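Presented as structure tokens, the chain that follows is alone, the form solved without the partner chain.
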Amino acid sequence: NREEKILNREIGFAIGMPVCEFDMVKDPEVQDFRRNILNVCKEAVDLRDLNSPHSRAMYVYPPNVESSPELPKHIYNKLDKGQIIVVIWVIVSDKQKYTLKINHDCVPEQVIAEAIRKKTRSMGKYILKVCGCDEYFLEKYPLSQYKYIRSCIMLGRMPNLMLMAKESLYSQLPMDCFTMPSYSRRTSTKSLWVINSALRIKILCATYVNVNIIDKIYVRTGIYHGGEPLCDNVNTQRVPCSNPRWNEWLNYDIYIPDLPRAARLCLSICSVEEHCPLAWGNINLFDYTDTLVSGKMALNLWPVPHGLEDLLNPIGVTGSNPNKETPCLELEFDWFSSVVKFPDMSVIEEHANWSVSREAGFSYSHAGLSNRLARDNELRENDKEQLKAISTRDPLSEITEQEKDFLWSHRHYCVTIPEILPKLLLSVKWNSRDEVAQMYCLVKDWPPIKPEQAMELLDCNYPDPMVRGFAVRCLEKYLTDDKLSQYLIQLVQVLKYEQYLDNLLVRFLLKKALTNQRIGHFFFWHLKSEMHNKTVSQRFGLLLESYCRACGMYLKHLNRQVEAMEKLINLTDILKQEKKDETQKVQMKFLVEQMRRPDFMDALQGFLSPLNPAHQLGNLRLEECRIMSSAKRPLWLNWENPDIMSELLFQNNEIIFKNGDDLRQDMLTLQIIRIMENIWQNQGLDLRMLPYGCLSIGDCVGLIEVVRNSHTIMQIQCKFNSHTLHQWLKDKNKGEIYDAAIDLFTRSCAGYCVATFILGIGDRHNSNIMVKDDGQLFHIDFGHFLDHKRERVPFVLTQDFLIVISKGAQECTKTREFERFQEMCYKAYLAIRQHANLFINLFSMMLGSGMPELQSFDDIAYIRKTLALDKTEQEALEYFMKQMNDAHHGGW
């Protein structure tokens, strides 16, 4: 009706394209997704009104909590006999302060009781809010499990909480009525396993093949399961590019009933002997309804990515190019007088049971015919140790063919060491329906593994839907909202590897986004930021449509953020194309004049920070905004924090808006830094890092959190001697606090030395290392990582840094300060090595992004080198010291 049309305009504005463009899409998969996904929308809305208004408040303001209440011993020992000092504020008439000393693990209702006790000594109706931002303690966790409280304990800051009446929070949460949209109102058939025929596909002709007359041309093809070929590639005959017509049947060395569910056809047009791909494309051999492709098809192809010289691109995206003014290959598939469907699960289970029972009857001599057969008995405990050994290798370690036969033959024992599942899966003969059906039944009852281990099974090495479904069930059962937020970037990226629009992973992620608004906010922005990338914009736009339809009132707040970012994009675009040669003064006059237009001024003020939607951005402070000197001329922007107690957190929100460089690699490096820092703290290795906020919001457009009161090394030594840095630090921390500043500088140095060495970050210089007044050192600008150059040391500690560490001693390399510094590095390095699978998998999950430094598994191999995974641990230490000793010309 009329209200649906208004909502469609809002959704269209949020996602950057009109909803009517989805309505015109003819593809049945697209219209079925739009309709069928709505039961996730409904399920989520019903969880939110399950216990109103509390359930609604928990959705908008979910508890920001660590994944477990247990405190590292070094954190706990910062308390006074396990007790914490907190300040509770009450708004009365005027702000009244009440200081409490309570056990670190009282729940909020207890803290509120003690605050009222103290207040009445001055002679379930309240909640606690963090002073200065929109963060609440709505749930009965231990106080120290809230990240704000945990952070205060570690940083030695005083927690400041505000008492607030429940009803004054509930009052401001609009009830949203979710309405089902108008589109919600909507020869035989033979099993694949009965088709007794080999696979054959006809290449007819190519259109839109416009080239520089490049001469002889051919179509290369292959059948793939993930990246694994299921048979040899098959080429057409060569023809000249002026007449690209083949009409050639290609015969594949594979039996049709042996085609696995995720089988794909990968092809390309190649030039010729120097061969070179000109355009590529992949298609699912089964569609989303389990039907084998049939009839004729036109496939619009994709351009070759600069860097790839392979002739096929099977880890490239699957499906037709939306740009129809592109090389278009016409295909024809085999005809069978019948629709052919992948067999249902009951048929697969029957076949697996038949196979298992047959193999259990195999004689000794029969089992000897194949190393993939082993008799139940034979299993010795040395084979058991070898299985356990294999299960501890990292995801990029080669599994030899003999190892694969060995794993497959002992698949049933593997159930007792369930983390071996990823290696067992890469040992399956995916072109054998006998083996695959058995693997299906093993997966359906496989024991659960850790979410960090399950995430590997969603990357591009694991296309099978039963495998990915098991991975999703593991996340559903074990992944906390805290870790889902931590790994959300990767989980969004692996949506791109799903064969179909509707799948278990997207239903899981959408439901979490629609029941936790902190997850939903970044879900929205990660998807929105890629709506320019045409390999994913249909999938992501449809997903965003379904998010926007059910997220409730937050859609209106997102639209405030989208409009503000759009205005900043438009202004910076003008500056870089129409005024780029004018002086700063002139550009600044132009900028202030444009931001003072009333439509602009209103769009740029009074909205939530996309970096952290708990932070309200109030009125701009134009006198504090400025065009920075760095490359691409980013904007330094300053907003008032309108929170009634802003002075207790920060009174101004400073954000850098950068239009022109890709920020996705910085995003990923800052995420990894945070994970490393988390690993170190849990082990009681207190190395303070600074993973400041960074969010890509578009095509080379994004936001960066400003660390207030920090300076580059260069700013410092321009006010110079190699003692200037230490001298600056000592003057900032005179008295009894000098030692704490040296210690914080030493630990922060050790963390960044180790982190940047492991990741192969871009070379450090005195303009991309910064220091806070209190001694905390950190790095900025991570536009390069991994093997972008034989392993570099990006952070070489020059004399200035050693002088600080050694408290001003001339011979700083030969002090016990330096020795304890080295020990921190060694402990930090070995700690990350123990978690190498995590970091390898997090990188592998990002392979399908457009990030140029992260294109193949061999880019990730760099991490295998810096962590020395093929060495022993003591050999790994020795390797790290030599890299350090080489880079510094002595010391280590």
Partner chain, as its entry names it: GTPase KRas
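Positions refer to the first chain, counted from 1. Rigid core (definition): largest C-alpha set, two forms, superposition within 1.5 Å.
There is another form of the same protein, the form solved in complex with the partner chain; it is not shown, and what comes next is about it.
> Please identify, from 343-351, 691-699, 77-85, 328-336, the stretch that has a heavy atom within 4.5 Å of the partner chain in the deposited bound form.
Checking each option against the 4.5 Å cut-off leaves 77-85.
> Even though the partner chain is not shown here, does it sit in the deposited bound form so that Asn721, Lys732 and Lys807 each have a heavy atom within 4.5 Å?
No, none of the three is in contact.
> Is there a non-hydrogen atom of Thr179 within 4.5 angstroms of a non-hydrogen atom of the partner chain in the deposited bound form?
It does not: once the partner chain is placed as it appears in the deposited bound form, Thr179 has no heavy atom within 4.5 Å of it.
> Mark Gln96 yes when one of its heavy atoms lies within 4.5 Å of a heavy atom of the partner chain in the deposited bound form, and no otherwise.
Flag for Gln96 set to yes.
> Looking at the partner-bound form in the deposited bound form, is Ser122 within 4.5 Å of the partner chain by any heavy atom?
It does: once the partner chain is placed as it appears in the deposited bound form, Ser122 has a heavy atom within 4.5 Å of it.
> Test of understanding: in the deposited bound form, would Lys814 fall inside 4.5 Å of the partner chain by heavy atoms?
It does not: once the partner chain is placed as it appears in the deposited bound form, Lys814 has no heavy atom within 4.5 Å of it.
> Which pick from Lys296, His306, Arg380, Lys101 sits with a heavy atom within 4.5 Å of the partner chain in the deposited bound form?
Flagged contact: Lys101.
> Looking at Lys118, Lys477, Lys73, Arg708 here, can you tell me which has any non-hydrogen atom within 4.5 angstroms of the partner chain in the deposited bound form?
Comparing distances to the partner chain in the deposited bound form, the residue within 4.5 Å is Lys118.
> After core superposition, I'd like to know whether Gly307 moves between this form and the one not shown (criterion: C-alpha shift of 2 angstroms or more).
For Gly307, whose C-alpha is compared between this form and the one not shown after core superposition, the shift is 2 Å or more.
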